[PDB]
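The chain contents come next:
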Amino acid sequence: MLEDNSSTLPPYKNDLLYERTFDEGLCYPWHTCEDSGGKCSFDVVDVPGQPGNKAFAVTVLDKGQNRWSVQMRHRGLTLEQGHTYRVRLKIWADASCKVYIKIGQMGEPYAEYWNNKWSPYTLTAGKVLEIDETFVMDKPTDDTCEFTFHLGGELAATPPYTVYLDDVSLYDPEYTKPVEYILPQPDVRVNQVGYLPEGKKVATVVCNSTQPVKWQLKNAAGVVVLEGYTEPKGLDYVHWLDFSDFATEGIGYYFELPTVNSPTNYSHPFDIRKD
Ligand SMILES: OC[C@H]1O[C@@H](O[C@H]2[C@H](O)[C@@H](O)[C@H](O)O[C@@H]2CO)[C@H](O)[C@@H](O)[C@@H]1O
Ligand SMILES: O=C([O-])C(=O)[O-]
Ligand SMILES: [Mg+2]
Ligand SMILES: [Mg+2]
Ligand code: NI
């Protein structure tokens, strides 16, 4: 499920970005680009001092010739004329360096629609830069935009070092992500392929009760391997089911809500595994 249930960002459905938190250990569609001598590598890693939180981590390896020689970006975005966008992120580095952040066209003529008025930011070693601001898309609608961070050339410290990105968001109240319609879902909603052992794992539960409800994780053989109570969130009634510490690989896990008087009181099957 693409929904991230971030407890501090605006609604996922109104975000132009598809990955914001990285807490499940995945970064796609975020990716690097290496150009004109630039080299880098990437991973998703835990953040020291922030338990449960993971960050997109791009290691600069060769600065290359230009600032765009090393990039981390998210493509496929449409900025709409007359709309107001809110830009939020946390970025830091384990070497003092600089970064040029922009939202613009991915190809020629490379129009830039937000770019901190053409100014790079400075990332002092270990010090977090947090951005939270708005801009108006007053140019005509463009469907070739990317949210990108240029790290190369003159912006770069002496490699190697790593730049981290987290809770990155592009919010427009008048935008709703494209949708597929889905069949009525069972009461427990999971990621239908699954989770990495080390990733955050929060399922969504809908049920009649306003109060917490008993849940059991069973393996494929139907044996209970973990139990808890849900955490009620709001309106039937939406609850969260956090099983992040469970890390045991297997195929065909599923939940059941044993006390819930519902013929759909389970989840679909899913896997925990490294793939
Ligand atoms: O074509 C090489 C490379 O271009 C990258 O875009 C750069 C471009 O090279 C540069 O002329 C312009 O001023 O900056 C942009 C980036 O904002 C592009 O990002 C790569 O995908 C492409 O392979
Ligand atoms: O903003 C829009 O037009 C939309 O939701 O596609
Ligand atoms: Mg995600
Ligand atoms: Mg995170
Ligand atoms: Ni509009």
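- Per the deposition metadata, X-ray crystallography was the technique used to determine this entry, at a resolution of 2.11 Å.

- Going by what the PDB entry lists, the protein is known as Glycoside hydrolase family 9 and is assigned to Clostridium thermocellum DSM 4150.
- In the PDB, the entry goes by the title "Crystal Structure of the Cellulosomal CBM4 from Clostridium thermocellum Cellulase CbhA".

### Points about the coordination of the magnesium ion (ligand 4)
Part 1 of the reasoning: For the magnesium ion (ligand 4), the full set of protein donor atoms is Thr21 (O), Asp23 (OD), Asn53 (OD1), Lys54 (O) and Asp166 (OD), at a range of 2.0 to 2.2 Å.
Part 2 of the reasoning: For the magnesium ion (ligand 4), all donor residues lie on one chain, and their spacing in sequence is T-x1-D-x29-N-K-x111-D. Of this pair, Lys54 sits in strand β3 (residues 54–63) while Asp166 sits in strand β11 (residues 161–171), placing them 112 residues apart in sequence. The burial state of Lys54 is the same as that of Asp166; both residues are buried.

### Some remarks on the site of ligand 1
Part 1 of the reasoning: Lining the immediate environment of ligand 1, one finds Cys33, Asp35, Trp68, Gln71, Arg73, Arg75, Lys102, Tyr110 and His150.
Part 2 of the reasoning: Between an oxygen atom of ligand 1 and a side-chain N or O atom of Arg75, the distance comes to 3.4 Å.
Part 3 of the reasoning: Interatomic distance of 3.4 Å between a side-chain N/O atom of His150 and an oxygen atom of ligand 1.
Part 4 of the reasoning: For ligand 1, the protein covers 65% of the area, taking 480 Å² as the surface of the free molecule.

About the criteria used
- Residues numbered from 1 in each chain as written, not as in the entry; some residues may be left out.
- Chains lettered and ligands numbered in written order.
- Heavy atoms only, no water.
- Donors = N, O, S within 2.8 Å, 3.2 Å for Na, K, Ca; no water.
- Helix = DSSP H or I, 4+ residues; strand = E, 2+ residues; numbered from the N terminus.
- Buried < 20%, exposed > 50% of the residue type's maximum accessible area, 1.4 Å probe, protein only.
- Near = heavy atom within 4 Å.
- Polar contact = N/O pair within 3.5 Å; in protein donor to acceptor, adjacent residues only side chain to side chain.
- Areas by Shrake-Rupley, 256 points an atom, 1.4 Å probe, with all protein chains shown as cover.

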